[PDB]
Structure formats: structure tokens, C-alpha cells
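A.B. asks: kindly return the folded structure for what I paste below:
(chains A and B)
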Amino acid sequence: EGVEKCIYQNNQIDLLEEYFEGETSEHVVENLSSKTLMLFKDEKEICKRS
Amino acid sequence: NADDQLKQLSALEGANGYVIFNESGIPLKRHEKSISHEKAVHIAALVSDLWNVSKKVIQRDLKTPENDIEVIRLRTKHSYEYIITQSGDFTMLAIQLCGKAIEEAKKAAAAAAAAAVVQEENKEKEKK
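C.D. replies: Numbers count the residues shown, from 1 in each chain, chains lettered A, B, ... in the order given. Dropping the coordinates below:
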């Protein structure tokens, strides 16, 4: 009877469950981005050269 | 009369097995699903060491006079639960599972039944 009483209290709610455990954010908006890595330019050329 | 309590313990949802221990440590009655006697001999030794250590520790280690542990519940990985209740000179261990565990057990039972049915069908085919 005492063992049965303990069984009923635990049965009502799991109490250890973690909502959305493990699964990550999944889709997450990403902004497209551009990063200049370096600039190459001629030095002291007459006028300018395209 | 005594037999009905074992049937009643099985009837309660989330209950896997029940083990009863004497003061000496002999296991009076254990569930059929769980191993009988070999598991009971191994479970009785562990619970007595735990129950005796906890009962002794509460009285002296916590420095509280006339304080006695009534129920010990150990929650482990998966669905295992092992409530321990001591009545008179007899202490018993009850193993119950969570809802998910119970569902898994039911699914396993269904699978076993399906396998048995398939075997029966195969036997019938062989007979034919």
C-alpha cells in the first residue's frame, strides 16, 4: 500500500522531462555578407589605368 | 490473501517488480518478470547496506535526535525508480517506470506478440 502510494505521485507528471531537449535552433535566418579580403592598386601611374 | 498484494502491485501502472527483505536479508517474495532469488539475493544485500547506512547516518551524521528515514526513492537513467519502504522488520524495493518507459514496454510486448503470431503462421504453413 505504501509502495503503491509512492507509485501514484510519480505517475502524475514525469518531472524530469526537458521540453525540446537536444534539438537545436534549426532554421535561423542568416544575412548574406561580403568581406573585402584585400585591395590591389597600381602606384604613381600616368593619369589612371582601368 | 498475501498472494493478492503481489498481483495488486503488478496492477498499479508504472510498476515493474516488487522485492521484500527480512531483517536477516532473505528475500520473502519477488516478482516473476524480474529474476527470482538470484536478483533478490543481490538486491537484498545492496538495500540493507544502503538502508542501514542511511538510518545510522541520519541519527549521528546529521546530529538529529529521534529522526528515522521512512521512504528512500532513487531516480536513475531511463525509467528506473526504486522506492524503498520499511514495515516492521521487513523492507521491500519497488521498481516502477515513467510514462515513456511504460509505452516502450507496451510496444515491446506488442512486437513480441506479433513475432509469436508470425511463428505460428510459419508453423501452419509448414504443416500445410
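
A.B. asks: and chain B, which of its residues are near chain A?
C.D. replies: For chain B, the residues in contact with chain A under the definition CB under 8 Å from any CB of the partner chain are B:8-9, B:12-15, B:18, B:71, B:73, B:75, B:81, B:83, B:85, B:87, B:92, B:94, B:96, B:98-100. Yep, even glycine has a C-beta here, placed from its N, CA and C like the rest.

A.B. asks: those residues in helices, which ones?
C.D. replies: If you go by DSSP state H, these have B:8-9, B:99-100 in helices.

A.B. asks: can you give me the distance of the residue sitting furthest away from the middle of chain A to chain B?
C.D. replies: The C-alpha centroid of chain A is most remote from residue A:46, which lies 52.3 Å away (CA atoms, centre = their mean). Note on residue A:46: its distance to chain B, by CB to the nearest CB, to the nearest Å, is 79 Å.

A.B. asks: you'd agree that residue is in a helix?
C.D. replies: No: using DSSP: H, G, I helix; E, B strand; the rest coil, the assignment for residue A:46 is coil, not a helix.

A.B. asks: dump the residue contacts of it.
C.D. replies: By CB atoms under 8 Å, 6 or more residues apart in numbering or on different chains, residue A:46 lies in contact with nothing.

A.B. asks: what helix or strand is residue B:46 located in?
C.D. replies: Element membership for residue B:46, per DSSP states H and E: helix B:38-60.

A.B. asks: what does that helix contact?
C.D. replies: In contact with helix B:38-60 (CB under 8 Å, 6+ apart) are residues B:19, B:21, B:25-27, B:30, B:64-65, B:67-69, B:72, B:84, B:86, B:91, B:93.

A.B. asks: cool, stretch B:64-80 as well?
C.D. replies: Residues from elsewhere that reach stretch B:64-80, judged by CB under 8 Å, 6+ apart: A:2, A:6, A:10, A:16, B:50-51, B:54-55, B:58-59, B:81-86, B:95-98, B:100-102, B:104.
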